[PDB]
Structures are given as structure tokens and as C-alpha cells.
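A.B. asks: Here it is, the structure in full.
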Amino acid sequence: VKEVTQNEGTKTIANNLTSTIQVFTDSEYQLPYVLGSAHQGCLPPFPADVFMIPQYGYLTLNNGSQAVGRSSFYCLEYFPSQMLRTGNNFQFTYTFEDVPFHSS
Amino acid sequence: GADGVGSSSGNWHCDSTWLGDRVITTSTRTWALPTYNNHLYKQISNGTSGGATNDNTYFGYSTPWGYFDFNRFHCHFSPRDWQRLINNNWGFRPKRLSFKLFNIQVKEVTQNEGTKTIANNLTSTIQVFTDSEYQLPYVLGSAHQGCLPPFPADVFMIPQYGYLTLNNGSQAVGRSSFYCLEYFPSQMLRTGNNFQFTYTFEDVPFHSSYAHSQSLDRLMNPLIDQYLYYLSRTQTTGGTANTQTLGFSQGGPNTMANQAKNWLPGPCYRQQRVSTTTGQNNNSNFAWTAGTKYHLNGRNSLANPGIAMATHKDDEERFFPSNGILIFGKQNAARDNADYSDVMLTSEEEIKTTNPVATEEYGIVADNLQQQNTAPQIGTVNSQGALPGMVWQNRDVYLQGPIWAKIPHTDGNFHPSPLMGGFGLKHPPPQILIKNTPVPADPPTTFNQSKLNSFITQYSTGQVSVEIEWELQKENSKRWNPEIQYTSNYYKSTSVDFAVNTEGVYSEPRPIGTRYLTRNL
Amino acid sequence: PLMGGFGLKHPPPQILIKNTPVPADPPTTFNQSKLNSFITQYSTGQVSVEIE
């Protein structure tokens, strides 16, 4: 985790050892599921590339540019998540449900 | 297991769990604690020497410390959760809470000419303690700003701790007490440490959330007459000259105002009435003069709100008592002289059944002693204390309102329920104090007795978690027709209610009372 | 799915990540408004995914 500052024209980047990041997975599917629309930003095909993580956003019911009564709002800080500093790691496992073979 | 600068102290938790009669609400926020008063205690005072009137004089101290205040409901409940609660349940009370403080960073900032720069200080500490013996002035429960934000994505600033003591004018008397907060055992934490404690509420009556489907005077059977009598006639009728005589009647369906009744409405201490329509109000400034005040120690104090009363009677909604209600501000409301459209008026109208209207008299009594010579006279009761056989309802709690208050420690009290609403507690949740440990700048090379006034500009941030277990009282009712519920508006809108706007500002459209479901008296 | 793939009732859970905000120097006098000033910050690391 690094912190960059701007002083006049100079740019400088230095480690921040005490900062954290927050990570969680929705295993109960309680959020709008935004994968599967073929958006850009997946992992690169070629392992030597460094990539940028995309921003999360979602859409809800609308009438014109306005919103209706059923429109829902989700606050992502409202889920239990794990906080990691530079000495921590995160992992989980998953098991697919039975699915028919893709016929090739 | 093993703590250090590389490991994280604790994990984020915001969740609500509904099991049976329990609901467990946990929350987490990010805070930032500045250095106050340059690490100094200070005597603060105000007196009539200036323009201040004798009523606003005070004497007290302002500490460098700072404290956590979670006392408001919306800290612990999302609006959706608040809706599950008030729609399905009669009452609730807290059981036990937990508190955690972790992931502490301490940073030091320096000024060199025009440049500002901020860098971690790994070795600095903070000091934390709780007063569990209640040996400090308990400053929570006055509804001060600075609680946790309603919306979890907000970072908030911890308020400064200070207290007031006995005064005469701007001066202090002999009984005035001074407390040094460094004089308590506290825990000192560096960036690899965390802090926690638990607490268990004492038995407290459920907060009643419901409206009465009946009214106090209508408990009678409409079909049947009473066997008791009342005095219905003092004089003959139909004659050209009528003479005094006595006659009696039984209360019945036709006249229900005359029937005997077992119970009386709650106490009444009158408020002045104000109309939301400006034109109807008198033209003058009566706010402070015509207000309803109580006089204590030669010092007039406005009574805000006062004891619980119905805001208005039927179709009076445009009227509200002067100071007798809670008034919450809308987002981005001005601090002073805010317009009517910038504030939100709560309404106690639900309790009309049990309690008298705030702006009207309690009743009528006999002033004089009648005779054949002299006519009887009547008089009005503006203020009425407690009488045997009174029943009343407390004031409603709101999603923005305070949860509890500390019952003062005194010889005696009467129904000790805080007027602002909440749970009165002999032993409230202990208040938590926190401070940056001062780090001196370079001392001189030659010894000097005077204390060191130079310090390193410094502040700290971190996480805080609070978890409260609530007990519920299930709603068991045979009512046939549908209840009134709280519901969001179905019609379209520019922006969603209880959600961020284009600019990212979170806002609350209206206050939300707790009384929807109904019961019989 | 029309784009091709495996339809799933319970797909792999989606994973969310964020930098924890670190405030800049707060004022010395208390103010209720939320803190809008932060330290410009970003994080990097490694990620591994393994499918059987």
C-alpha cells in the first residue's frame, strides 16, 4: 500500500506500512451481480501484464432519468469484510454445482 | 496470536441478525482524533460581565481528551432494519453491548514554509480508558453533535470532552470540583494493539411502540346503561317560574360524558401554541417571553421539550407547541435562524388517547362555594401534577433520537423516564475517553524547570466497532383489519430517499417514529 | 446464456476490494461535517485463481 504526494512539481511515492485494504465476497448473492455482461477489465491474457481493477457500480429501476419507489440502494460497507495489512493474505474456495458438459 | 505493524488488529463488521426475540446489530466506522487545547486543561467561563444574560452564565473546564458517543439510534440501525423493527414488534429493550477499537494509525504532520507533509509515526501511542465506576461527570445524553455517522462510509471527527460545575456568575464557588483525567488507570496502545470491553444492561422496561386503538374515556360499553347515577338537573323546567330542585339520571349510550370512569389522563403543564402558517400567529417576538419556563436557583430555564403530551388534537396539524416538541434539521441546514422548510417537526399526535393536548388546559375546577345568594364559579387548571389513578404514555423514540440517558443519583425521583425519550438507566454504558500521548519537540540542552510547551503536531485514526444485542416483544393481536405500516412512497422521484445524491451527500428525508401497531388500553 | 457459457444458479461469488480511507489532518476545533480531505493512496499486490 503506497501513498503519493504532490509538492509543487515533484511527485514522490513511499510505502505506508500501517494502511489496510478491505476485502469480502458475497456468498449469499445479496448484491446486484454485475459479472457476465462481458465488461472490460478481466485479468490480462498474458501473465506479464499488470492490470487495473475496475470500478463497481450498478443500475436500478428508472422512469426516464428519475427513480421509482422500488429503486434499491446498497451500501457496501454494510457487509462483514476482512481487513488486511501488508502482512496478511486472503483466500476462499468454491464448488460448482452440477452443470451439463459444454459440447465441443 | 502475534501482533505487529504488519498484521491487522481486527476485521470490519456491519451486520444485523434476527433470531427469535433477539436482534444483534453491529457497526463499524472510521474515526480521526485531533490534538485538542495543545494538550492543556483550561478554565472556561462566561458571565454577565459581557453581553450574556444571567441565565447563560457558566463555569467549567475543557479537557484535551475526546470521547466516543454512539447514543443515537441511527448509528445502530439501517433504515430498512428500523422498518423491520417498528412494523413487526410492540416493544424492545437493549440487553448487552460490546465495543472494539483497533487498526490504529498515528501520523505526524509538519509545516516547512508552504509545504505540508504527513508521515507515519510508528512508536507513538494513544491512551484509552472507560469509567466503569461513574466517577466522572457523565456528559452523554444531552444530544450533542458528534455521534457516529448514520451512513457507514463516512469518516467522523471525535468530539472534545469538557464539563461544567457550580458557579455564581462567571465565578466559582467552594464546592466547585476539578477532575484530572490523567489520574485514572488507562491503557496505552501502539499501532499493533487493540482495545475492547463488554457491558450488560440492567433490567429496563420495554419501550412501548404502539398506539392505543381505544381512548381513555371511551372504555365503556356502548350498548348498556350504568347502574350508577349522576346529578342531571338542578332546576325545574317547563314552568313560567322555575325553582331549584334535584334530579338524577343513569349514564347511558346517549350521554357518555356523564358516566363514571376509573381513570384519569396524565399530567399537564401547558405550552404556548404556534401555527405553522405564519399569518395566523401574532405579530411580535414571543418566543422567549411567552415560552414555558421553569425557574431554578434564580435562573430562568426554558423547558425543552417538557413532559410528554399530544402535539395537537384532530385536524389541528398546522399547530405545534412552542418548545414542546423535538425538531431535527434537514441535511445542510443553517446553524442559526434556519427557515421552517429546513427543519423537520416531530409529532406526538399518536398519544392523544392517554395524554392531554399540550396547548390546552387540563380541566375545570370549582373556584367558589355556591349559595342561594351567590352564583357558582369555575376555574381553569393550566398545570396539573400527578393524582392517584393517572395513566400516561412516554415520548416516542426516533431513528435520529437518543437511546438512553443517565438517571441522576438523588434521594428520590418520579417515574424516571428521560423527557427526550429513551431508556433511563442507573448505570448507563460507561463513557469512553481517548487522547493522543503528547510527544515533545527538542528540549533545550540546559536544564529548565518550566514545563515543555513545544510538541509535535500529531493526530491518529483507526476503526471502532460497537455491537448491541436487543430483546424484542413479539406482536400478538387478533385485530381483523389491516394495520397501518411505515412504507416508502411508491411515486417516482428525482432521487431515492435515504440514499446518496449526485454529490455523494447522504441525507434523511423525514424523522421516523416508532409507533405504528395498535393495542387496546 | 446466449453469449455462450455455463448458466449457473449460484455462480462464483463476486469479490469486492477497497482501500481503507485515511484522513488528512483534521482541524483543531470540532466540526460535525464529515471529513472530505484524504491522503492520495493506492495499493498493489498479487492474485491467484485456480480452477479444476
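Labels for the C-alpha cells follow display order: chains A, B, ..., residues from 1 in each chain, ligands from 1.
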If we count only C-alpha atoms and set the cut-off at 10 Å, which residues sit around range 23-25 of chain A, ignoring sequence neighbours fewer than 5 positions away in its own chain? Please answer as a VMD selection string.

C.D. replies: (chain A and resid 76 79 to 84 90 to 92) or (chain B and resid 11 to 12) or (chain C and resid 12 to 19)

A.B. asks: Could those residues be written to a file, using C-alpha atoms, as a compact mmCIF listing (two decimals), in the first residue's frame?

C.D. replies:
# COMPACT_ATOMS: atom_id res chain seq x y z
CA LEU A 76 -21.21 -1.96 0.51
CA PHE A 79 -21.23 -6.29 4.89
CA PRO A 80 -18.75 -8.15 7.08
CA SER A 81 -15.37 -7.89 5.41
CA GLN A 82 -11.77 -8.75 6.17
CA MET A 83 -9.17 -6.02 6.63
CA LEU A 84 -5.60 -6.76 5.58
CA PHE A 90 -6.93 -13.74 1.76
CA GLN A 91 -8.39 -16.88 0.25
CA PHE A 92 -11.54 -18.86 -0.27
CA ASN B 11 -11.91 -7.07 10.89
CA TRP B 12 -14.73 -4.91 9.62
CA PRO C 12 -18.71 -17.98 -8.37
CA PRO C 13 -19.20 -15.24 -5.79
CA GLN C 14 -18.02 -11.82 -6.82
CA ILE C 15 -15.16 -10.30 -4.86
CA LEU C 16 -15.02 -6.68 -3.74
CA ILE C 17 -11.99 -4.70 -2.62
CA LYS C 18 -11.34 -1.14 -1.46
CA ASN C 19 -8.62 1.00 0.08

A.B. asks: Taking the DSSP secondary structure from the backbone, can you list the residues of chain C that are strand (DSSP E), as a PDB file with C-alpha atoms, in the first residue's frame?

C.D. replies:
ATOM      1  CA  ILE C  15     -15.158 -10.297  -4.858  1.00  0.00           C
ATOM      2  CA  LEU C  16     -15.019  -6.682  -3.743  1.00  0.00           C
ATOM      3  CA  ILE C  17     -11.986  -4.701  -2.623  1.00  0.00           C
ATOM      4  CA  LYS C  18     -11.335  -1.143  -1.458  1.00  0.00           C
ATOM      5  CA  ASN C  19      -8.624   0.997   0.082  1.00  0.00           C
ATOM      6  CA  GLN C  41      -3.179   6.451  -1.872  1.00  0.00           C
ATOM      7  CA  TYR C  42      -3.208   3.232  -3.852  1.00  0.00           C
TER       8      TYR C  42
END

A.B. asks: Return the neighbours of chain A among the residues of chain C, cut-off 10 Å, counting only C-alpha atoms, as a VMD selection string.

C.D. replies: chain C and resid 1 3 to 22 39 to 52

A.B. asks: Can you write just those residues out, C-alpha atoms, as a PDB file, in the first residue's frame?

C.D. replies:
ATOM      1  CA  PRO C   1     -26.643 -17.843 -21.701  1.00  0.00           C
ATOM      2  CA  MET C   3     -23.380 -15.225 -25.276  1.00  0.00           C
ATOM      3  CA  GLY C   4     -22.261 -18.772 -24.518  1.00  0.00           C
ATOM      4  CA  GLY C   5     -21.055 -20.220 -21.291  1.00  0.00           C
ATOM      5  CA  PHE C   6     -22.386 -22.201 -18.381  1.00  0.00           C
ATOM      6  CA  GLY C   7     -25.603 -20.990 -16.822  1.00  0.00           C
ATOM      7  CA  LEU C   8     -25.399 -21.198 -13.054  1.00  0.00           C
ATOM      8  CA  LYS C   9     -27.904 -20.745 -10.261  1.00  0.00           C
ATOM      9  CA  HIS C  10     -25.014 -19.958  -7.908  1.00  0.00           C
ATOM     10  CA  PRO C  11     -22.100 -18.616  -9.911  1.00  0.00           C
ATOM     11  CA  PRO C  12     -18.708 -17.975  -8.366  1.00  0.00           C
ATOM     12  CA  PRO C  13     -19.199 -15.237  -5.788  1.00  0.00           C
ATOM     13  CA  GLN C  14     -18.017 -11.817  -6.818  1.00  0.00           C
ATOM     14  CA  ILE C  15     -15.158 -10.297  -4.858  1.00  0.00           C
ATOM     15  CA  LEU C  16     -15.019  -6.682  -3.743  1.00  0.00           C
ATOM     16  CA  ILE C  17     -11.986  -4.701  -2.623  1.00  0.00           C
ATOM     17  CA  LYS C  18     -11.335  -1.143  -1.458  1.00  0.00           C
ATOM     18  CA  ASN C  19      -8.624   0.997   0.082  1.00  0.00           C
ATOM     19  CA  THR C  20      -9.459   1.977   3.624  1.00  0.00           C
ATOM     20  CA  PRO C  21      -9.657   5.785   3.657  1.00  0.00           C
ATOM     21  CA  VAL C  22      -7.041   7.603   5.715  1.00  0.00           C
ATOM     22  CA  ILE C  39      -4.285  11.063   1.632  1.00  0.00           C
ATOM     23  CA  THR C  40      -3.758  10.162  -2.014  1.00  0.00           C
ATOM     24  CA  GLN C  41      -3.179   6.451  -1.872  1.00  0.00           C
ATOM     25  CA  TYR C  42      -3.208   3.232  -3.852  1.00  0.00           C
ATOM     26  CA  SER C  43      -2.318  -0.399  -3.345  1.00  0.00           C
ATOM     27  CA  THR C  44      -0.932  -3.269  -5.396  1.00  0.00           C
ATOM     28  CA  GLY C  45      -0.431  -6.970  -4.915  1.00  0.00           C
ATOM     29  CA  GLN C  46      -0.799 -10.440  -6.348  1.00  0.00           C
ATOM     30  CA  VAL C  47      -3.848 -12.551  -7.136  1.00  0.00           C
ATOM     31  CA  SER C  48      -4.110 -16.263  -7.839  1.00  0.00           C
ATOM     32  CA  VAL C  49      -7.055 -18.230  -9.168  1.00  0.00           C
ATOM     33  CA  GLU C  50      -7.104 -21.984  -9.672  1.00  0.00           C
ATOM     34  CA  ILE C  51      -9.868 -23.912 -11.421  1.00  0.00           C
ATOM     35  CA  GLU C  52     -10.282 -27.671 -11.695  1.00  0.00           C
TER      36      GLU C  52
END

A.B. asks: Work out how far apart CA of residue 505 in chain B and CA of residue 333 in chain B are and give it in Å to one decimal.

C.D. replies: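 If I compute the distance from CA of residue 505 in chain B to CA of residue 333 in chain B, I get 13.0 Å.
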
A.B. asks: Counting only C-alpha atoms, which residues of chain C come no farther than 9 Å from chain B, as a ChimeraX atom specification?

C.D. replies: /C:20-36,39

A.B. asks: Would you save the residues of that selection, restricted to C-alpha atoms, as an mmCIF file, in the first residue's frame?

C.D. replies:
data_model
loop_
_atom_site.group_PDB
_atom_site.id
_atom_site.type_symbol
_atom_site.label_atom_id
_atom_site.label_comp_id
_atom_site.auth_asym_id
_atom_site.auth_seq_id
_atom_site.Cartn_x
_atom_site.Cartn_y
_atom_site.Cartn_z
ATOM 1 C CA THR C 20 -9.459 1.977 3.624
ATOM 2 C CA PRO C 21 -9.657 5.785 3.657
ATOM 3 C CA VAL C 22 -7.041 7.603 5.715
ATOM 4 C CA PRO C 23 -7.920 11.204 6.625
ATOM 5 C CA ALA C 24 -5.606 14.161 6.356
ATOM 6 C CA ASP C 25 -5.022 16.462 9.307
ATOM 7 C CA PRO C 26 -8.375 17.301 10.913
ATOM 8 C CA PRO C 27 -8.930 20.799 12.304
ATOM 9 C CA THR C 28 -8.170 21.511 15.928
ATOM 10 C CA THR C 29 -11.723 22.650 16.701
ATOM 11 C CA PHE C 30 -14.572 20.171 16.464
ATOM 12 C CA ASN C 31 -16.847 20.294 13.431
ATOM 13 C CA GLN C 32 -19.755 17.975 12.710
ATOM 14 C CA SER C 33 -19.322 17.833 8.940
ATOM 15 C CA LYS C 34 -17.676 14.727 7.548
ATOM 16 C CA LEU C 35 -14.024 14.805 6.555
ATOM 17 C CA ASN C 36 -13.562 15.435 2.837
ATOM 18 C CA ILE C 39 -4.285 11.063 1.632
#

A.B. asks: Taking only C-alpha atoms into account, name the residue in A:10, A:30, A:47, A:85 that is nearest to chain B.

C.D. replies: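 Going through A:10, A:30, A:47, A:85 one by one, the smallest distance to chain B is for A:85.
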
A.B. asks: Output as JSON lines one row per residue of chain B within 6 Å of chain A: the closest atom pair and its distance in Å to one decimal place, counting only C-alpha atoms, sorted by chain and residue number ascending.

C.D. replies:
{"residue": "B:6", "atom": "CA", "partner": "A:87", "partner_atom": "CA", "distance": 4.7}
{"residue": "B:7", "atom": "CA", "partner": "A:87", "partner_atom": "CA", "distance": 5.4}
{"residue": "B:8", "atom": "CA", "partner": "A:85", "partner_atom": "CA", "distance": 5.5}
{"residue": "B:11", "atom": "CA", "partner": "A:82", "partner_atom": "CA", "distance": 5.0}
{"residue": "B:12", "atom": "CA", "partner": "A:81", "partner_atom": "CA", "distance": 5.2}
{"residue": "B:13", "atom": "CA", "partner": "A:80", "partner_atom": "CA", "distance": 4.5}
{"residue": "B:14", "atom": "CA", "partner": "A:78", "partner_atom": "CA", "distance": 4.9}
{"residue": "B:489", "atom": "CA", "partner": "A:69", "partner_atom": "CA", "distance": 5.8}
{"residue": "B:490", "atom": "CA", "partner": "A:69", "partner_atom": "CA", "distance": 4.4}
{"residue": "B:491", "atom": "CA", "partner": "A:69", "partner_atom": "CA", "distance": 5.8}
{"residue": "B:492", "atom": "CA", "partner": "A:68", "partner_atom": "CA", "distance": 4.1}
{"residue": "B:493", "atom": "CA", "partner": "A:67", "partner_atom": "CA", "distance": 5.3}
{"residue": "B:494", "atom": "CA", "partner": "A:66", "partner_atom": "CA", "distance": 4.8}

A.B. asks: For the selection you just gave me, I'd like the residues written to a file as a compact mmCIF listing (two decimals), in the first residue's frame, keeping N, CA and C atoms.

C.D. replies:
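File result-v8.txt, as written:
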# COMPACT_ATOMS: atom_id res chain seq x y z
N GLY B 6 2.73 -5.23 10.84
CA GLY B 6 2.31 -5.84 9.59
C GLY B 6 0.96 -6.53 9.65
N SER B 7 0.59 -7.04 10.81
CA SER B 7 -0.72 -7.66 10.96
C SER B 7 -1.79 -6.62 11.22
N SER B 8 -3.03 -6.97 10.87
CA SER B 8 -4.17 -6.13 11.17
C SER B 8 -4.81 -6.55 12.48
N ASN B 11 -11.22 -7.01 12.16
CA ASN B 11 -11.91 -7.07 10.89
C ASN B 11 -13.17 -6.22 10.92
N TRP B 12 -13.53 -5.72 9.75
CA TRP B 12 -14.73 -4.91 9.62
C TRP B 12 -15.97 -5.75 9.90
N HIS B 13 -16.90 -5.19 10.67
CA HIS B 13 -18.19 -5.83 10.89
C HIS B 13 -19.29 -4.78 10.82
N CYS B 14 -20.21 -4.95 9.88
CA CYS B 14 -21.51 -4.31 9.94
C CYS B 14 -22.53 -5.36 9.54
N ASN B 489 -42.58 5.90 -0.35
CA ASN B 489 -43.50 6.40 -1.36
C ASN B 489 -43.34 5.63 -2.66
N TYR B 490 -44.48 5.26 -3.25
CA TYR B 490 -44.48 4.50 -4.49
C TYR B 490 -44.22 5.36 -5.71
N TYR B 491 -44.52 6.64 -5.64
CA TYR B 491 -44.43 7.51 -6.81
C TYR B 491 -42.97 7.80 -7.15
N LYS B 492 -42.75 8.20 -8.40
CA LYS B 492 -41.40 8.46 -8.89
C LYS B 492 -40.79 9.66 -8.17
N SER B 493 -39.46 9.75 -8.23
CA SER B 493 -38.76 10.84 -7.57
C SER B 493 -37.45 11.12 -8.27
N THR B 494 -36.93 12.32 -8.03
CA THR B 494 -35.63 12.69 -8.59
C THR B 494 -34.52 11.85 -8.00

A.B. asks: Could you pull the residues within 12 Å of residue 297 in chain B, counting only C-alpha atoms, minus those fewer than 3 positions along the same chain, as a PyMOL selection string?

C.D. replies: chain B and resi 54-55+166-169+294+300-301

A.B. asks: Using N, CA and C atoms, can you write the selected residues to a file as a compact mmCIF listing (two decimals), in the first residue's frame?

C.D. replies:
# COMPACT_ATOMS: atom_id res chain seq x y z
N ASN B 54 -27.86 36.78 32.72
CA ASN B 54 -27.58 35.97 33.90
C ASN B 54 -27.95 34.51 33.71
N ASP B 55 -28.81 34.20 32.75
CA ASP B 55 -29.27 32.83 32.60
C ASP B 55 -28.23 31.95 31.92
N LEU B 166 -20.52 23.98 39.49
CA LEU B 166 -21.26 25.03 40.15
C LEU B 166 -20.61 26.38 39.90
N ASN B 167 -21.44 27.41 39.76
CA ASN B 167 -20.95 28.75 39.51
C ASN B 167 -21.83 29.76 40.21
N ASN B 168 -21.26 30.92 40.48
CA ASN B 168 -22.02 32.10 40.84
C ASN B 168 -21.56 33.19 39.89
N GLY B 169 -22.46 33.62 39.01
CA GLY B 169 -22.00 34.43 37.90
C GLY B 169 -20.93 33.69 37.14
N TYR B 294 -39.12 26.98 33.45
CA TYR B 294 -39.05 26.64 34.86
C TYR B 294 -37.91 27.41 35.49
N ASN B 300 -33.75 31.49 35.04
CA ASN B 300 -34.87 31.01 34.24
C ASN B 300 -34.36 30.09 33.15
N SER B 301 -34.93 28.90 33.07
CA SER B 301 -34.55 27.92 32.06
C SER B 301 -35.78 27.50 31.29

A.B. asks: Between CA of residue 348 in chain B and CA of residue 428 in chain B, measure the distance and give it in Å to one decimal.

C.D. replies: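 CA of residue 428 in chain B lies 26.2 Å from CA of residue 348 in chain B.
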
A.B. asks: For residue 16 in chain B, find every residue with an atom within 7 Å (counting only C-alpha atoms), except residues of its own chain fewer than 2 positions away, and show them as a ChimeraX atom specification.

C.D. replies: /B:18,23-26

A.B. asks: Would you compute the distance between CA of residue 368 in chain B and CA of residue 269 in chain B? Give it in Å to one decimal.

C.D. replies: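 Distance between the two atoms: 23.3 Å.
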
A.B. asks: Taking 4 positions as the minimum chain separation for residues in the same chain, which residues sit within 6 Å of residue 22 in chain B when counting only C-alpha atoms? Answer as a ChimeraX atom specification.

C.D. replies: /B:470-472

A.B. asks: Give me the residues near range 384-387 of chain B as a VMD selection string, where near means some atom within 7 Å (using only C-alpha atoms) and where sequence neighbours in that chain fewer than 2 positions away do not count.

C.D. replies: chain B and resid 267 to 269 362 381 to 382 389 to 390

A.B. asks: Write out, as CSV, each residue of range 366-434 of chain B that has an atom at most 7 Å from range 124-129 of chain B, together with the closest pair of atoms and their distance in Å to one decimal, counting only C-alpha atoms, rows going by chain and rising number.

C.D. replies:
residue,atom,partner,partner_atom,distance
B:432,CA,B:129,CA,6.0
B:433,CA,B:129,CA,5.6
B:434,CA,B:128,CA,4.6

A.B. asks: Quick one: write out the picked residues with N, CA and C atoms as a PDB file, in the first residue's frame?

C.D. replies:
ATOM      1  N   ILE B 432     -16.323   6.515  27.193  1.00  0.00           N
ATOM      2  CA  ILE B 432     -15.001   6.084  26.769  1.00  0.00           C
ATOM      3  C   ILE B 432     -14.196   7.307  26.388  1.00  0.00           C
ATOM      4  N   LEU B 433     -13.005   7.432  26.949  1.00  0.00           N
ATOM      5  CA  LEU B 433     -12.164   8.591  26.719  1.00  0.00           C
ATOM      6  C   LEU B 433     -10.905   8.171  25.979  1.00  0.00           C
ATOM      7  N   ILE B 434     -10.388   9.073  25.152  1.00  0.00           N
ATOM      8  CA  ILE B 434      -9.244   8.760  24.307  1.00  0.00           C
ATOM      9  C   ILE B 434      -8.438  10.028  24.076  1.00  0.00           C
TER      10      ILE B 434
END
